[PDB]
Asker: 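Following this message is one structure expressed as structure tokens.
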Amino acid sequence: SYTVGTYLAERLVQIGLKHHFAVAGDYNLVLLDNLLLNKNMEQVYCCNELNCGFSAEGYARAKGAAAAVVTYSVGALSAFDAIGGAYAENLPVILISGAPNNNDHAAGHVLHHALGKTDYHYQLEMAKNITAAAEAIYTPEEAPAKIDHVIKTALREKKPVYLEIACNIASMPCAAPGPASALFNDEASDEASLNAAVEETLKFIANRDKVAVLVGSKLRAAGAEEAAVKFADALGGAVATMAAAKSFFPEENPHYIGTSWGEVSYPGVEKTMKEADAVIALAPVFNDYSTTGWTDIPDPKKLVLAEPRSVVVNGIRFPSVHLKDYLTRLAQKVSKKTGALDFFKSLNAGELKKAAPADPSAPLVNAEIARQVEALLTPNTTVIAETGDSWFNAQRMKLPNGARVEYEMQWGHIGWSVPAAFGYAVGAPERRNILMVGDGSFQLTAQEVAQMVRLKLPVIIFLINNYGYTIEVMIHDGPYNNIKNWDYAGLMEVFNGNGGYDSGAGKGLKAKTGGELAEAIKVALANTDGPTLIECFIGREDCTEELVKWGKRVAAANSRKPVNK
Amino acid sequence: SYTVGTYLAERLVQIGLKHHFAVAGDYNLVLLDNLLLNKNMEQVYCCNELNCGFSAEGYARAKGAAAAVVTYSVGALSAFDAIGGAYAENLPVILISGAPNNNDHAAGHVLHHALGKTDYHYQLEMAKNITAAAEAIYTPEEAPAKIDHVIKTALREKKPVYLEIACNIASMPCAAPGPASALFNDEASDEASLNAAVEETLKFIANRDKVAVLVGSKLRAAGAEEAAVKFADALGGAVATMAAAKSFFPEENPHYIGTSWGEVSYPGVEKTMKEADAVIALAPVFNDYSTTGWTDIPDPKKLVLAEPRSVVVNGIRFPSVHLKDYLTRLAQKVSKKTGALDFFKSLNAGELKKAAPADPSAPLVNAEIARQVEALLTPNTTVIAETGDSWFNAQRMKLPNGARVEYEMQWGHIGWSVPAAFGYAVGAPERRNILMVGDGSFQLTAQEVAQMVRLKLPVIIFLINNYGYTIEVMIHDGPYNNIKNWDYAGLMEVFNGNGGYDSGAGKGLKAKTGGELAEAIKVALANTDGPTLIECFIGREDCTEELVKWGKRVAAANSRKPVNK
Amino acid sequence: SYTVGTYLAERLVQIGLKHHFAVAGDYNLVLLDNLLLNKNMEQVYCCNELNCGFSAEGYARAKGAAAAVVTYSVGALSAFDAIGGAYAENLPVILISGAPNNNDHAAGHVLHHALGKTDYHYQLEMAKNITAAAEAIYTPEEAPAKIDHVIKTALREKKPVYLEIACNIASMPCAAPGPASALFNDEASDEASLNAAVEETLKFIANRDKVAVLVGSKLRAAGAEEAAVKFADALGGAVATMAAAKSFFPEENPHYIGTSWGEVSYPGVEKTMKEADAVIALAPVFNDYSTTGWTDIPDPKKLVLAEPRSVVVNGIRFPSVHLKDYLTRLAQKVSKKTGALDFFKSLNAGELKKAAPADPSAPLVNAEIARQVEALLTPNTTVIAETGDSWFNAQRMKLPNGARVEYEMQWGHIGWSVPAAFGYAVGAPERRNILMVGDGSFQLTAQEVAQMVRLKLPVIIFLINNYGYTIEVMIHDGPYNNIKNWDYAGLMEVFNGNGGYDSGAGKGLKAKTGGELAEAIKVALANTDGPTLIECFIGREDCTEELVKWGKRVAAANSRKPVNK
Ligand SMILES: Cc1ncc(Cn2nnc(CCOP(=O)(O)OP(=O)(O)O)c2C)c(N)n1
Ligand SMILES: Cc1ncc(Cn2nnc(CCOP(=O)(O)OP(=O)(O)O)c2C)c(N)n1
Ligand SMILES: Cc1ncc(Cn2nnc(CCOP(=O)(O)OP(=O)(O)O)c2C)c(N)n1
Ligand SMILES: [F-]
Ligand SMILES: [F-]
Ligand SMILES: [F-]
Ligand SMILES: [Mg+2]
Ligand SMILES: [Mg+2]
Ligand SMILES: [Mg+2]
């Protein structure tokens, strides 16, 4: 029959996992044994628990959900940083922690890995702050209900959840799981509300010809990407993406006008958004970074706010309306409103201005790196872009339909990108997976490249070595922005360990000119047996113009004086 | 248009409230003003906040949902006792607290009604422990989403929720509410799971002829009372109710065999449950009181566990199956299984043995009170039965179909019954409303009878004066079970205040014999202008036989020694 | 030897309790039995748990500390309102709750009085928000350390604490308590900091001749009342009390100039505080009520802030300086600074203007009640003054040295005064105990008068019946300020229950003229066998001039618009 552990394994298989991530500890060893009994998924090991959490996060971007398994306290508390990140980025990651023997509660027992006191609910109480559901399982009979509850909640809310399992019950018998379909069961839109929300939208734009569509970073969480295309094509209006929504709308679409990001928007976009009579915002997140330090906030008078599960339009709030349904129904009813797109074209603002191919022997510059990476983009490519100037370089790239960009702009934990690229590549081995990561970020989580070597994943890593924290320099400079340099290219042979207990086929190369970069890229594409790290050397101040402007607005918002209370 | 306050009022009207309960305080006065603008419900005032909360709880039993409005800290903290009670009893009560001016956060300001520190999230953090959803509203723009969220959650989960509203935003503009239908929008059962759960049940009872049905205290929360009757009639098996499920199944139904409550069950019931091959438990709560101190736990081998949103049967767990749907579908497919009912009849155990009419002039005894109250039961009657021997007296009463009994057996807060009877009578004025309450319990919340006088509610109160805490005496006796006696009958004229600033038509009578009780009852029935309290005098040890047996098992469970860890 | 329960009892006796307050419930019965074994204190029973908590609070005002014992969940949650109150008012009240059998943790058991789930740490987690220490005791071996910890913390911090005790361990053996002296052991002031704080104060006032002293509501918590007199006599400056500090400084002292409370100060006080060169504030609490809606905040430039355990003076913060030590040392070193007192006298502002004796047959008015109550004040009297216009009537009374006034102005829970007067009278039976309480407040907690009857306590209660909530009327008026009137005088015979199971010697009288009031007062003073309630009839708008002015400022502060963020 089933055990607590194999019940969990079966539910994970049912939601579509082909892998879960783990770091062993004595409170979870028996649990890991049970998970291993299900041959329909592989157990993937990580260097540390923060990286384990972020690997699961990256996997969820590839597959829709993920799971990480850690040990009590010492494992879970660092993983909480990654789980908070999954909550911020709307990804259903299931964190499972091993926990004390169930005899140790209310017993006056002090246990290892804990605070030295005799109670053990602190971890659960902490977890409640950063999850959509959090349950502790102390007896086998209680496991099925708690497992089903957190998994259903994760998938529905698109948020992470927490489970802890007493170490001595992992192999104990419990009931068997029913059909997978039950886990995805969700409300349909309220019919009356859906129709009313659509009708009020039509009323709102009846005499507003210049309609612009703003695509936001929760569109994928709403499962509404395809519906957004149907709507945009029916409307015939202008479509822009917010920075964190890069690749959530097809850029080869004739309605697409580029990035909307205040004073760092694509040419003509800022002016078009300003002149629009109505802005239909699809699942947006307006925060201090996306509004460019609160300088770019949509006019409440013009706004149709279509969130994942509700629409606010014409002064009325309609809960219980799913965005996918709203967009589909609206596309069927809406008439052509080309005003904003016509206006955009009338500006003749031209395309984003990009650098021409550099002299191959000249010292490498930022724009030349960005140019060569952009030339690698295919419909089958995903770029993982780290917090730092890499945000801005990726934002400038023209994507062929199908190409994806992954951003972590709400949480913004430097170092996320390395483990996330690992997890994503495990989940999407068929894709050309490219990681753009700065030297500062790389140092936080660098060891996860060794797992890429281990699993023979052909991730191409562009390590941008400008000797320090350039994004921070552009916000507020000080001695804390300087770091210790490493020989990053040489790190690959360290992780290979050829001649040691095992081996690896990773490659590390240096690029100090455009010619060297082109040669390194040829080698990277040909290396199908492991990751390739290309260490690119550029100057601290050689960064995007966009970063400079944005950083000034961010610094100003952060430092504004207290107001009179 | 709408304000934060009138938005809340409209949503409350949309879920079916015709009243809300309140106690004024400076942090909620403007909010109360806004609530008053909606003429489709009345604002009802209470003596104190604990009573306010329990009045809302009683109203929710009559109407399906309720709301109470209190002031910050001094109001909310006592109301939390009642909200905990609503959570325990599965009632959607919305607690709304006024809160500090929104300028006072992060300002280093110490405010009245608070702890003397300068932060004000402690009340919200406390509330999270005893609600299904809890939101603080600090700005008007955030109100609609938070209000909709908590209300939808309350109705779906059948649990209470918490809202706090900054005092200076109550009258500020916000969006208007959409259609009421959105608030009730819920998942349908998963089709595959529903069919599978029904099929597995049929398989389970295929070769188990003696099938008994056990009706539990969450059947009403599941909305499954009518479906339970359809299923029982199709099955033809024996049906028993758990103590707290009294009146959740029609007692004039021919399959009904009475109360199942371990050694204090109706005649023949204990033996029938024991002999059953299969027990279908419909939304049960098995706790230390309902299992008679853990002496009466259903055999896991025979159990079909049909919870409100899941079924566990034949070793398989099926989430996402609504009980109402399961019972309806099962009724259509199930064949006759009369084994347990035939067995019950074969016992010839007879009816519950009840006392004959007493000599009218003899000193009043417990059984004679119970006899005369039982004779008042009609299809249009509701009995509110307080924690104490009243639990056991009510349990012994034969209910005509339509008659209701209200119990608070999970929370079990003495004094609940007085404010709950008030709230219920406000919600169901058309019914004959009877309160059975002990002298000990009455002292905790007695002042709410004055509100019954004020609103001219013809509640009939049987105050059982046995001079102390008899239920506790029967668990573990000591000096703490003795109380100060009052002239309870005389309290009515005090609450009337005739000759004072206002007036009242309440009546208070004493009964020391069966004849005096009968006369008092005649007066009570004829008093349509206010409550009638009948003070019944009986001895401390003159209590049900059931209470004595049950109390011993409870004491034993509570005191059992720690086990080796 | 000792048990968990008798250890607790002994520690309570050691801190000076002669009584503790309790409400029985099955989770605490065995604990109550153990407490009863210690014959050096009496166990006092209450009607309900909110009242139980407030009785302990009142007792702590009389004796310095107190304890209340309640049952799990249903008892504790309401008591939390009173405990929050003790925290706000700086009183060491120990709340002890019974709790589940220690076998029921991590067992998947649902228990009565709880939420219906299988974990039981929610109550402890809630309690942490409103206490200085909170411990759960699950095993006997852990009890002594946890009991000693919370008691030491309560006494040191002058704040309430929380203990819960598993019901099945109350009678189990544990270690014996050491000497009582250990419980009071506290830090001495840091010598260098004490001397430096005194020297900096002398430097600060060296060239500031007009020095005023402002006595604050934490002076008693600091144990610094006697030291304040020594300092004031040495300084020779003007001394005013904040509203909540009434009676914390002797009013027959020649340096005392009356109440400082913004625009509702005594004559000449506001102007004297404004003209002072330096204000030495002794343990103040500046909140929205004490600053009269933020209209009366001390000038930071002139302020010497002497808190209970730190001094801020001349721009320097000195932690680890006890107020009593600071004042004593300062009194030895300080020279005469009579400037502010001379200035006050030069104003010739005269005494507070009070009404002359009324015509005995004329309709009773507020000022005439206040006049007759004031005439009852002796060096042996304590007045308990409820939130409402009673705050303002008490504030106007001239106190003979030794007379006390008790206020609850930080928490401000209406109804506090009835149970607090009960607890105080239990703790200080030797005093003339007077309760001034409004009709609105009296309704929240009226049943505790029955305990005064039971224990034969000669409390004199002036019940001011102006038919509704006058203090709220003066803040913001609406229908929520109207209440149901009772025959309050008649309530006394109800609580006596003469002719019933027991008896009582309480008396209830009505007063509608000054002559009737004088006669009722004669009777009250002669009634030594029970409480006397005098129901005084006056008009809604017949209130102090001070209340009217203050209420307008309070309303304005509460309603001020949000500021731009
Ligand atoms: C876990 C965590 N700690 C600190 C930060 C602050 N932070 N944000 N960006 C940075 C610097 C990133 O530097 P690099 O990766 O070298 O990228 P560049 O800005 O292109 O040089 C920091 C230190 C952060 N975002 N996350
Ligand atoms: C708020 C709260 N505090 C204490 C308890 C414990 N308790 N349970 N039943 C009782 C006594 C009930 O007394 P009565 O209402 O006079 O009922 P009888 O048993 O018929 O005498 C108590 C004190 C409780 N159940 N709820
Ligand atoms: C537990 C609690 N609930 C509500 C409040 C708000 N409040 N403050 N004062 C009052 C009215 C006081 O009425 P009374 O005692 O009749 O006093 P008067 O102002 O003399 O009429 C209220 C309703 C409060 N202070 N405490
Ligand atoms: F471990
Ligand atoms: F208030
Ligand atoms: F209890
Ligand atoms: Mg860098
Ligand atoms: Mg009784
Ligand atoms: Mg009043």
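Naming: A, B, ... by sequence-line order, numbering from 1 per chain.
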Asker: If you define the side chain from C-beta out and look only at heavy atoms, does anything of C/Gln447 sit under 4.5 Å from B/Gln447?
Answerer: yes
Asker: With rounding to the nearest 0.5 angstrom, report the NE2 to CD distance, B/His113 to C/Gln410.
Answerer: 10.0 Å
Asker: Side-chain contact test, heavy atoms from C-beta onward, threshold under 4.5 Å: evaluate it for C/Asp104 versus B/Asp288 and give yes or no.
Answerer: no
Asker: Under 4.5 Å heavy-atom distance to chain B, tell me which part of C/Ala22 shows up: side chain, backbone, both or neither.
Answerer: neither
Asker: Once rounded to the nearest 0.5 Å, what's the spacing between atom OH of B/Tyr122 and atom CG of C/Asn129?
Answerer: 9.5 Å
Asker: Between B/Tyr138, B/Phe537, B/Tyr469, B/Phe80, which shows the greatest number of heavy-atom pairs under 4.5 Å with chain C?
Answerer: B/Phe537
Asker: Quick check on B/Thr118 against chain C: is it the side chain, the backbone, both or neither that has a heavy atom closer than 4.5 Å?
Answerer: neither
Asker: Heavy-atom cut-off 4.5 Å, strictly under: side chain, backbone, both or neither for B/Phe286 against chain C?
Answerer: backbone
Asker: If I measure from the heavy atoms of chain C, does B/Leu36 come under 4.5 Å with its side chain, its backbone, both, or neither?
Answerer: side chain
Asker: Under a 4.5 Å heavy-atom cut-off, does chain C meet the side chain of B/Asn496, its backbone, both or neither?
Answerer: backbone
Asker: Which bit of B/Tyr289 comes within less than 4.5 Å of chain C, counting heavy atoms only: side chain, backbone, both or neither?
Answerer: side chain
Asker: Heavy-atom distances under 4.5 Å only: say whether B/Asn482 touches chain C with side chain, backbone, both or neither.
Answerer: both
Asker: Please determine, among C/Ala446, C/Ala450, C/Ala114, C/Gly116, the option with the most heavy-atom pairs under 4.5 Å with chain B.
Answerer: C/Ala114
Asker: Does any backbone or side-chain atom of B/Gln443 lie under 4.5 Å from a heavy atom of chain C? Answer side chain, backbone, both or neither.
Answerer: both
Asker: Do C/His112 and B/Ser290 have side chains that approach each other closer than 4.5 Å (heavy atoms only, starting at C-beta)?
Answerer: no
Asker: When you compare the side chains of C/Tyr480 and B/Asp33, does any donor N or O come within less than 3.5 Å of an acceptor on the partner?
Answerer: yes
Asker: Can you tell which part of B/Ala557 gets under 4.5 Å to a heavy atom of chain C, answering side chain, backbone, both or neither?
Answerer: backbone
Asker: Given heavy-atom pairs under 4.5 angstrom as the criterion, report whether the side chain, backbone, both or neither of C/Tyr45 touches chain B.
Answerer: side chain
Asker: Would you compute the distance between atom CG of C/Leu115 and atom NZ of B/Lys159 and round it to the nearest 0.5 angstrom?
Answerer: 8.0 Å
Asker: Under a 4.5 Å heavy-atom cut-off, does chain C meet the side chain of B/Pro100, its backbone, both or neither?
Answerer: neither
Asker: Say whether, by atom type as modelled, one donor and one acceptor occur between the side chain of C/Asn48 and the main chain of B/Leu444 under 3.5 angstrom.
Answerer: yes
Asker: What residue, out of B/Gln451, B/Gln123, B/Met409, B/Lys117, has the most heavy-atom pairs lying under 4.5 Å from chain C?
Answerer: B/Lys117
Asker: Spell out, as yes or no, whether a donor-acceptor pair under 3.5 Å connects the side chain of B/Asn103 to the backbone of C/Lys561.
Answerer: yes
Asker: Let me confirm one number: the CD1-CG distance from C/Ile475 to B/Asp26, rounded to the nearest 0.5 Å.
Answerer: 5.0 Å
Asker: Please rank B/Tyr501, B/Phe495, B/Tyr87 by heavy-atom pairs under 4.5 Å with chain C and give me the top one.
Answerer: B/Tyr501
Asker: B/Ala76, B/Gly415, B/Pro479: which one forms the most heavy-atom pairs within less than 4.5 Å of chain C?
Answerer: B/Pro479
Asker: Hey, what do you get for CH2 (C/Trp486) to SG (B/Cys47), rounding to the nearest 0.5 Å?
Answerer: 5.5 Å
Asker: Please flag which part of B/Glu49 lies under 4.5 Å from any non-hydrogen atom of chain C: side chain, backbone, both or neither.
Answerer: side chain
Asker: Quick one: what part of B/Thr71 sits under 4.5 Å from any heavy atom of chain C, side chain, backbone, both or neither?
Answerer: neither
Asker: Could you tell me which of B/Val30, B/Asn465, B/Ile471, B/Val285 has the largest number of non-hydrogen atom pairs under 4.5 Å with chain C?
Answerer: B/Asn465
Asker: Decide yes or no on side-chain contact (heavy atoms from CB on, under 4.5 Å) for C/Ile130 and B/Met126, but give the supporting numbers first.
Answerer: CA-CA 10 Å; C/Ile130 55 175; B/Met126 287 171 83; 4.2 Å; yes
Asker: Tell me which of these, C/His476, C/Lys565, C/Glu89, C/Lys128, has more heavy-atom pairs under 4.5 Å with chain B than the rest.
Answerer: C/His476
Asker: Look at the side chain of B/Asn101 and the backbone N and O of C/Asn558, then say whether any donor-acceptor pair between them is shorter than 3.5 Å.
Answerer: yes
Asker: Heavy-atom pairs under 4.5 Å with chain B are the metric here; pick the option from C/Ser559, C/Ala79, C/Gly500 that has the most.
Answerer: C/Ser559
Asker: Does B/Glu472 form a side-chain contact (heavy atoms from CB on, under 4.5 Å) with C/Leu29? I'd like the steps, not just the answer.
Answerer: CA-CA 9 Å; B/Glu472 302 292 63; C/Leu29 304 181; 4.3 Å; yes
Asker: Out of C/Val110, C/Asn90, C/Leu32, C/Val563, which one racks up the most heavy-atom pairs below 4.5 Å with chain B?
Answerer: C/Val110
Asker: Check the pair B/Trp411, C/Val74 against side-chain contact (heavy atoms from CB on, under 4.5 Å), reporting the backbone distance first and the verdict last.
Answerer: CA-CA 7 Å; B/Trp411 199 236; C/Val74 292; 3.6 Å; yes
Asker: Chain C heavy atoms under 4.5 Å from B/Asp439: which part of the residue, side chain, backbone, both or neither?
Answerer: neither
Asker: Given C/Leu77, which of B/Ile83, B/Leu50, B/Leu77, B/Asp81 fulfils the side-chain contact (heavy atoms from CB on, under 4.5 Å) condition?
Answerer: B/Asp81
Asker: Tell me whether the rings of B/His109 and C/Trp294 are parallel (<30°), tilted (30 to 60°) or perpendicular (>60°).
Answerer: tilted
Asker: Output the distance between atom CG (B/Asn287) and atom CG (C/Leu111), rounded to the nearest 0.5 Å.
Answerer: 7.5 Å
Asker: Does anything in residues 491-504 of chain B form a salt bridge (charged side-chain N to carboxylate O under 4.0 Å, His left out)? List the pairs, not counting sequence neighbours.
Answerer: B/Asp502-C/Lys484
Asker: Who among B/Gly412, B/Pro562, B/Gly490 has the most heavy-atom pairs with chain C under 4.5 Å?
Answerer: B/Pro562
